[PDB]
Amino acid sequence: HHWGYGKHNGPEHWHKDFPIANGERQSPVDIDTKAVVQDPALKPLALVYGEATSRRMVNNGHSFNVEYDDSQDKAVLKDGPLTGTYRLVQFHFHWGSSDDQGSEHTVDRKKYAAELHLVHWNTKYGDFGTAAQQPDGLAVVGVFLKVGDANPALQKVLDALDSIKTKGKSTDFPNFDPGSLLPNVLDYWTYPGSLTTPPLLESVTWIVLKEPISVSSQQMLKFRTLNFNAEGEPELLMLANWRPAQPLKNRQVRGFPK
């Protein structure tokens, strides 16, 4: 295992291990709001999260994931720019080493403190792995975290990080409503893109919410207490885990409702 966000395993080298890193539909991107297109085909997002079943929270050595039961249509994403039904499988975050950076997507070059990704897969394909390899296979909802007021829903997530300090550790994490980390308005930008970590597959319909959720500066310190390493290995603090904006190339960013 030789990718990460460090000195010798960073994003700048990922193309040597995953050549699609230099492909035509890479994520994240900068969203130039003056260039955003209005498409009357776009629908409001339908995030049907009422019966979501969270299972566990896991340190995977690059971020932490809250895992959801996706054996059935329990928490799904429909409409927006999508055709068909996409099940929620997990959420996770990216953040930076200080509050002025950390988001993967940027807005007119502005960076937020962190970014939440709610990951969904197209039930057309039977399983998450099959879906991750198709152009219409995945949908990720991105939500910016803007430094400001402390976020009590987020605090419930942060209260668990002491149990999962090192890579491979996990903890029971039941009855977490992923809807509690959404903003009040669901206006969005959308473009076709990729996973932002290896294997960087070009299977993601991106849905970036325009409105951020809040996070305190104190809360941001807590993300940075996690470890990239496994227990027993030299400590590597998870200070930053964001990929920088990649070239837009041919692509169009569309906005809803404009």
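Residue positions are given as counts along the sequence shown, with the first one as 1.
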### Query
Comparing 225-233 with 204-212, which stretch shows the greater average C-alpha B-factor in the deposited entry?
225-233
### Query
What stretch has the higher average Cα B-factor here, 139-147 or 156-164?
156-164
### Query
Out of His105, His120, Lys74, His117, which residue has the highest Cα temperature factor in the PDB record?
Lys74
#### Entry: CA B-factor ranking of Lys111, expressed as a third of its chain
middle
### Query
Once the chain's modelled residues are ordered by C-alpha B factor and cut into thirds, is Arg243 in the lowest, middle or highest one?
lowest
### Task
Determine, from the deposited record, the chain-internal third of the Cα B-factor for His92: lowest, middle or highest.
lowest
### Query
For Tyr188, does the deposited CA B-factor place it in the lowest, middle or highest third of the chain?
lowest
### Query
C-alpha B factor of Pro198, ranked within the chain: lowest, middle or highest third?
middle
